[PDB]
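Below you'll find the structure, written out as structure tokens, and then a few comments.
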Amino acid sequence: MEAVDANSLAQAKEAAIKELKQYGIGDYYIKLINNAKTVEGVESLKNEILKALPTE
């Protein structure tokens, strides 16, 4: 209730998950996102998982 931090935060993820669905990645990462408290890491979270999807 500061201004619009929660609104923009929900988008970084809400929007970051859309890519996970459009990409085909696992829902694990779509969820692991919503678990975040901030946002800067939320968006980079999935985009980072994509930077190295085929990992060990």
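Following the order of the structure tokens, first chain is A, next is B, and so on, with residues numbered from 1 inside each chain and ligands from 1 in the order they appear.
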
(message) Give me, as a PyMOL selection string, the residues of range 2-32 of chain A that a backbone DSSP run labels alpha helix (DSSP H).
(response) chain A and resi 5-23+27-32

Output C-alpha atoms for every residue in the selection just made, as a PDB file, in the first residue's frame.
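Once everything was written out, this is result_38.pdb:
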```
ATOM      1  CA  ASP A   5       5.053  -1.744  -5.836  1.00  0.00           C
ATOM      2  CA  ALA A   6       2.812  -4.772  -5.301  1.00  0.00           C
ATOM      3  CA  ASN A   7       1.067  -4.180  -8.633  1.00  0.00           C
ATOM      4  CA  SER A   8       4.300  -3.976 -10.621  1.00  0.00           C
ATOM      5  CA  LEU A   9       5.692  -6.898  -8.632  1.00  0.00           C
ATOM      6  CA  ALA A  10       2.801  -9.191  -9.564  1.00  0.00           C
ATOM      7  CA  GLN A  11       3.413  -8.369 -13.229  1.00  0.00           C
ATOM      8  CA  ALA A  12       7.121  -9.189 -13.334  1.00  0.00           C
ATOM      9  CA  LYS A  13       6.024 -12.671 -12.310  1.00  0.00           C
ATOM     10  CA  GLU A  14       2.571 -12.809 -13.895  1.00  0.00           C
ATOM     11  CA  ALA A  15       4.405 -11.771 -17.037  1.00  0.00           C
ATOM     12  CA  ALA A  16       7.479 -13.902 -16.319  1.00  0.00           C
ATOM     13  CA  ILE A  17       5.268 -16.983 -16.036  1.00  0.00           C
ATOM     14  CA  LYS A  18       3.632 -16.293 -19.393  1.00  0.00           C
ATOM     15  CA  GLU A  19       7.044 -16.827 -20.970  1.00  0.00           C
ATOM     16  CA  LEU A  20       7.532 -20.044 -19.029  1.00  0.00           C
ATOM     17  CA  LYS A  21       4.252 -21.229 -20.530  1.00  0.00           C
ATOM     18  CA  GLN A  22       5.051 -19.876 -23.989  1.00  0.00           C
ATOM     19  CA  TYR A  23       8.532 -21.394 -23.770  1.00  0.00           C
ATOM     20  CA  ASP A  27       5.630 -25.088 -13.903  1.00  0.00           C
ATOM     21  CA  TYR A  28       8.132 -25.475 -11.060  1.00  0.00           C
ATOM     22  CA  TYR A  29       9.766 -22.270 -12.221  1.00  0.00           C
ATOM     23  CA  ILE A  30       6.439 -20.518 -12.789  1.00  0.00           C
ATOM     24  CA  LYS A  31       5.638 -21.257  -9.150  1.00  0.00           C
ATOM     25  CA  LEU A  32       9.125 -20.758  -7.713  1.00  0.00           C
TER      26      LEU A  32
END
```

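Taking CA of residue 40 in chain A and CA of residue 3 in chain A as endpoints, the distance between them is 16.9 Å.
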
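Interatomic distance, CA of residue 33 in chain A to CA of residue 53 in chain A: 15.1 Å.
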